[PDB]
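Worksheet: one structure, shown below.
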Protein chains: 2
Amino acid sequence: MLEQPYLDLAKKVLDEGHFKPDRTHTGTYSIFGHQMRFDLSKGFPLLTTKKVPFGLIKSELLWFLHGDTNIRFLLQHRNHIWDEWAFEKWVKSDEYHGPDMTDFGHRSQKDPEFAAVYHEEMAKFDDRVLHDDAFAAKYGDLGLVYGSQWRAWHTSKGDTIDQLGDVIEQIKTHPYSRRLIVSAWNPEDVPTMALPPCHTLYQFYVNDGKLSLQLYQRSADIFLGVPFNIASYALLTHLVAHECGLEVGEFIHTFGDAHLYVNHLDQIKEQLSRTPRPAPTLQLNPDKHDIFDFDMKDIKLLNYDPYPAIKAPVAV
Amino acid sequence: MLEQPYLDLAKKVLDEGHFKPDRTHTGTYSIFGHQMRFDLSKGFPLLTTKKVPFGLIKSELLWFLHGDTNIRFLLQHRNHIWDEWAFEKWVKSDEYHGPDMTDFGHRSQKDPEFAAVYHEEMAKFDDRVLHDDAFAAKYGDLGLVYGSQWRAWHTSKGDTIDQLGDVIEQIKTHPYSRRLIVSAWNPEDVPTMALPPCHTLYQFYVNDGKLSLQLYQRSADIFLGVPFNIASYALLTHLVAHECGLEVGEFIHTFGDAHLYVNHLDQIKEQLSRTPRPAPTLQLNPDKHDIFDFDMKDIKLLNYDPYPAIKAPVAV
Ligand SMILES: C#CCN(Cc1ccc2[nH]c(N)nc(=O)c2c1)c1ccc(C(=O)N[C@@H](CCC(=O)O)C(=O)O)cc1
Ligand SMILES: C#CCN(Cc1ccc2[nH]c(N)nc(=O)c2c1)c1ccc(C(=O)N[C@@H](CCC(=O)O)C(=O)O)cc1
Ligand SMILES: O=c1ccn(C2C[C@H](O)[C@@H](COP(=O)(O)O)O2)c(=O)[nH]1
Ligand SMILES: O=c1ccn(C2C[C@H](O)[C@@H](COP(=O)(O)O)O2)c(=O)[nH]1
């Protein structure tokens, strides 16, 4: 059924992945090299075997599409996928006051009592970013995320290349190039990088009315990472295709290091004893059009009938 | 037998490729998305069904590995894979004298009589680049090729990032990152680009002594392009692996637009009536070591037993 590529991967890892020590200690079973496909005219790859939140991944996506770096947008649409970072930018400066922030989430899922001091420290700052403007302006900014990457690349003669923008106009302009590419890997930077872009590069291809997209992703967490990345890039594609007036073909995903966390071997097994239910569908607001002004109500998802959800340890 | 991935692709295109007009008019049958693998401990992917020249692709590779852009190196090791470009840089300036260069190779494979005026114009300049220094210095330079891309990325505060260099030291330093990446797509540039890097990105992965490499290539010519690209990236890998003291696992190739030229449908068929002979082998000079000073005699290839070769029209 559409999402079966992930199960064939989830299996295949558990099954022939090597034990690698990751950037922490956490065991990972790994595959290097895999490509996987989904025919978006037949449906949406939200996994129906583990409920995934659409509201969460759409808000983040649009905030990417808005060239926005500031962690505030998200806070307005109670999304918290990017906070932990701004906190290190915050706890590290000369203004941080009070406590032992000195690790916060790395001793949350097991700790101390951290969740009353890390999460109160955290809510106080998340609450601050949402109201104090000079504050927002200060720590909530994050810098180089995919929004700045995609919509305003930094150039060698001080400007800003809206790489994406230009690639959607390149589609209208002529269907055919092997050059409809939006990179997010900037070699200059990855010295001073927080989280390097995982979903390192992509490419679009028009072909007789079906748009398609290929994503090269340096690494995958096949439990928490991959369910949300397969969807983000499918919403982008439905959104990029409706802007330059096309219809939608497939989505193709290519990973460098797909790996599943040694913490998560139990929990995948749990999904693998499930048996898929049909794919959800997606209404794309048909009067609205310059996709950078898609507002959240313009992407209403229909028919999402998921299984219950599984409990992960944090990917450290 | 090792090279069978290409035949399964060559077939598969002829067989389910769409007719696309390319950047010229030339018909192409296309596949978008494919990944293909070769276990370099079992041999070398020089096609034994169409003789491919190793001498040619090694010289070019080392000149890449030397951060060299100047078309001269090549001329010394009678390689001509990059001349046509320097000629447009040459014919376009205020110094070009004499003739109708006004298209040269685009009316060579069918023309005029071009091959006496284009090829004499061309040999006169190829001969000039090899001796006139201020000349070499002038038109033979080419600029942004993979050598400048890989060994000296241009930075926003006027310097030079030896991206590759740093990635081979990252291997010695620690086997494991999902961050052993050398991009060659610089969004700033591809306005003013001659030929954008086709083999857009790659990534290495150590895993218990086998190094491996994954190449994302925006487009492929599955007749002339692909035979030489599968090898270039396998020599790099044998060369990158012997430098940071590893052994060699697989090579994985991922293409955006693989396509085979409509001119070449006859000629692939010809290869497909052949039946492979075992894979060649490769001696990597075992006293020599900082791979940027690999000289050509240090990569002696052993056992190359090819079929005869097929005749292509130029990929325009
Ligand atoms: C997403 C995104 C971008 N990001 C950034 C980000 C940065 C480094 C990473 N590192 C690793 N190894 N894997 C990741 O998933 C990851 C994600 C995320 C941020 C937070 C969450 C998160 O807290 N939510 C989990 C929920 C699972 C659970 O706790 O029950 C999620 O899957 O969303 C996920 C992704
Ligand atoms: C290689 C490389 C980099 N390059 C640069 C380069 C630039 C644009 C391109 N455009 C397209 N569509 N395909 C290409 O192979 C190609 C190659 C090359 C330059 C010259 C030759 C060439 O003249 N030699 C062919 C020989 C086939 C024949 O004529 O019999 C070859 O395959 O080498 C090939 C590649
Ligand atoms: O939404 C996301 C964000 C991150 N990652 C990953 C995969 C790797 O485990 C790590 C990024 O690579 P490293 O930094 O460990 O090299 O975080 C994902 O899978 N999905
Ligand atoms: O060694 C090389 C160099 C170039 N190309 C290609 C593939 C495409 O046909 C074209 C580059 O893409 P476009 O410029 O047509 O988009 O040249 C290869 O296959 N191999």
Side-chain angles (χ1 to χ4, degrees), chain A residues 52-99 101-109 114-154 160 162-164 182 184-186 189-200 221 224-225 228-229 231-233 235-236 239 291-297 299 314-316:
Chain A
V52 215
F54 204 54
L56 220 54
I57 262 307
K58 40 192 291 267
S59 38
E60 165 203 81
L61 177 57
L62 313 159
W63 158 82
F64 285 144
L65 240 62
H66 283 44
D68 210 333
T69 44
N70 210 303
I71 245 297
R72 203 195 250 195
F73 184 97
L74 275 67
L75 273 293
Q76 323 264 294
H77 317 47
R78 234 58 189 175
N79 174 332
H80 285 292
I81 283 168
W82 289 84
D83 332 337
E84 283 201 298
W85 302 122
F87 208 69
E88 114 205 67
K89 228 46 68 184
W90 158 237
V91 58
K92 125 270 178 186
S93 90
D94 56 309
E95 197 293 329
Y96 180 41
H97 282 117
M101 249 337 119
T102 347
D103 273 306
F104 56 109
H106 210 306
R107 21 96 106 131
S108 285
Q109 67 290 86
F114 243 69
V117 256
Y118 163 27
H119 300 5
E120 273 286 68
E121 222 37 66
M122 177 49 92
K124 275 186 173 303
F125 156 70
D126 273 314
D127 227 60
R128 238 135 146 187
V129 173
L130 193 73
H131 290 80
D132 190 325
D133 225 337
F135 214 128
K138 238 189 294 176
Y139 301 78
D141 213 284
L142 272 58
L144 276 315
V145 261
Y146 305 100
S148 44
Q149 270 132 27
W150 290 355
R151 290 292 301 297
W153 195 269
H154 264 86
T160 269
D162 172 1
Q163 207 199 158
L164 170 67
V182 203
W185 200 256
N186 189 326
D189 266 276
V190 299
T192 19
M193 263 189 118
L195 176 64
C198 282
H199 335 87
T200 341
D221 171 346
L224 306 64
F228 291 45
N229 289 146
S232 7
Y233 282 105
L235 188 49
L236 170 97
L239 293 184
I291 59 150
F292 305 107
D293 200 55
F294 251 57
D295 161 59
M296 294 225 89
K297 278 97 288 309
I299 316 153
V314 183
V316 197

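Every heavy atom of this structure was used, including side-chain atoms; hydrogens, water molecules and symmetry mates were not. First the proteins, then the strands, lettered A, B, ... as listed; each starts at 1.
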On a heavy-atom basis, the closest approach of A:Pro197 and A:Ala184 is CG-O, 3.0 Å

Shortest non-hydrogen contact from A:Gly143 to A:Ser148? O-OG, 2.8 Å

Can you tell if the side chain of A:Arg151 reaches within under 4.5 Å of the side chain of A:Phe292, non-hydrogen atoms only? yes

Under 4.5 Å between any side-chain heavy atoms of A:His106 and A:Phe114, yes or no? no

Flag the pair A:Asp221 / A:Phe228 as yes when at least one side-chain heavy-atom distance between them is below 4.5 Å, and no otherwise. no

Indicate the atoms forming the closest heavy-atom contact of A:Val182 with A:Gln163, along with that distance. CA-OE1, 3.0 Å

Atom CZ in A:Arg78, atom CG in A:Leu130: separation rounded to 0.5 Å? 5.5 Å

Distance from A:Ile57 atom CD1 to A:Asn229 atom CG, nearest 0.5 Å? 6.5 Å

Is the distance between the ring centroids of A:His199 and A:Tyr146 less than 6.0 Å? yes

Tell me which donor-acceptor pairs under 3.5 Å the side chains of residues 59-77 of chain A have, and how far apart each pair is, sequence neighbours excluded?
residue	atom	partner	partner atom	Å
A:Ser59	OG	A:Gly55	O	3.0
A:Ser59	OG	A:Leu56	O	2.8
A:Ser59	OG	A:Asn79	ND2	3.3
A:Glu60	OE2	A:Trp82	NE1	3.2
A:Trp63	NE1	A:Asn70	O	3.0
A:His66	ND1	A:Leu62	O	2.7
A:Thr69	OG1	A:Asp141	OD1	3.1
A:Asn70	OD1	A:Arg72	N	2.9
A:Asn70	ND2	A:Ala136	O	3.3
A:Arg72	NE	A:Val129	O	3.3
A:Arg72	NH2	A:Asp133	OD1	2.8
A:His77	ND1	A:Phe73	O	3.0

Does any non-hydrogen side-chain atom of A:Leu235 lie less than 4.5 Å from one of A:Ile299? yes

Going by the salt bridge (charged side-chain N to carboxylate O under 4.0 Å, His left out) test, which pairs reach into residues 83-98 of chain A, not counting sequence neighbours? A:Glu95-A:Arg128

What's the shortest heavy-atom distance between A:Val91 and A:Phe104, and which atoms? CG1-CE2, 4.5 Å

Please find out if less than 6.0 Å separates the ring center of A:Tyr139 from that of A:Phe87. no

Does A:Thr200 use its side chain to pair, donor to acceptor, with the backbone of A:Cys198 at less than 3.5 Å? yes

Euclidean distance, A:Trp185 CH2 relative to A:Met193 CE, rounded to 0.5 Å: 7.5 Å

Closest heavy-atom pair, A:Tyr118 versus A:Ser108, reported as atoms and distance to 0.1 Å, is CD2-OG, 3.0 Å

Mind checking whether A:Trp153 and A:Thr160 have side chains closer than 4.5 Å, heavy atoms only? no

Rounded distance [0.5 Å steps], CE in A:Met122 versus CG in A:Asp127: 12.0 Å

Nearest 0.5 Å, what's the NE2-NZ distance between A:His119 and A:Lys124? 15.0 Å

Would you please name every residue forming a salt bridge (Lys or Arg N to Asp or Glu O under 4.0 Å) with A:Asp293, sequence neighbours left out? A:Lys288

Does a side-chain heavy-atom distance below 4.5 Å link A:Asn186 with A:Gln149? no

